[PDB]
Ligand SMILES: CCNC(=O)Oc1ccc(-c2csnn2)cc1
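Here you get one chain, nothing else, as structure tokens; it is the form solved without the ligand.
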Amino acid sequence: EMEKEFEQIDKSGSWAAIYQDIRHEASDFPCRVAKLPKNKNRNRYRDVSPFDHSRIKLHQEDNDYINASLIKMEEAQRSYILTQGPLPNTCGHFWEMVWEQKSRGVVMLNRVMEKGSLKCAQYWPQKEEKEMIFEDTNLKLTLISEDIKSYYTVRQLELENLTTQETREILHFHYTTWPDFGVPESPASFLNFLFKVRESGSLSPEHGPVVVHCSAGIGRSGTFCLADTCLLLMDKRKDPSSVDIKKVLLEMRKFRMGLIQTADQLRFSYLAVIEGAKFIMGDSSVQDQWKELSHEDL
């Protein structure tokens, strides 16, 4: 059905329309906390804020603000905390969140520098010998190892609560080939990546919500979560036909503004889901075909 609609929409080149329509019906909620003068420097983009009703509150008494939303997908029983790329001054806040929320995985969908501009702080350690200590949130983050693949890298980090000397293994999934405001090379590579994250247990309910982010935490991050939820629902009832992707994107837009920034990302979202269904519906071999087509070997 989504395939029909796909060809339908492609056949008459109406993605820009379908996309603007979703924008017209997207929820709109107040962002008072994020817009408070004291939090001006805690936001990377003036036009990208968390709604008040679904923002992740830091557990400190000083200022509990951080540009992050908890997208809670009720029907699919999956939660994601989408956030902006940490600013030089908010890296402590970022790891505080991860710790307090009990996250197991962190999904980075952008490179530190894109189009010749600094899109995100270097918030994680790059060399084992050089760990990082966030003095304001009293946390330590050490690089334990990293598995570099052609288009993405998986890092194992150790987060420690200097106040209690408690430690946690944090998996860092970094997609290094997704153009800014762009779309993955092929659904195959994107799906290979999604399933890698899935296989890590990072998306399991026995863990806090996975923290997903790009520069603003709405475009590429939205695409990622949309495909994951759609594939998940489709899986829950083994009924591809009952999955209304636009209805699902709107559900998500209730928790964070502007998820999916371009009509092409929306088109890619359809592709990834349609392609992913192959695996969800019983063809377990397609996962290897993706791993091949993705060319993850250096």
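Note that residue numbering begins at 1 and tracks the sequence as displayed.
The next section is about a form of this same protein that is not shown, the form deposited with the ligand bound.
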Quick one: the ligand borrowed from its pose in the entry with it bound and superimposed here by the pocket C-alphas, is it open or blocked (3 or more atoms within 2.4 Å of backbone/C-beta)?
blocked
Flag this candidate site as yes only if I56, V106 and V212 all have a heavy atom within 4.5 Å of the ligand in the entry with it bound; otherwise mark no.
no
For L231, is any heavy atom within 4.5 Å of the ligand in the entry with it bound, or not?
yes
Looking at the ligand in the entry with it bound, which residues in 169-195 have at least one heavy atom within 4.5 Å of it?
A188, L191, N192, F195
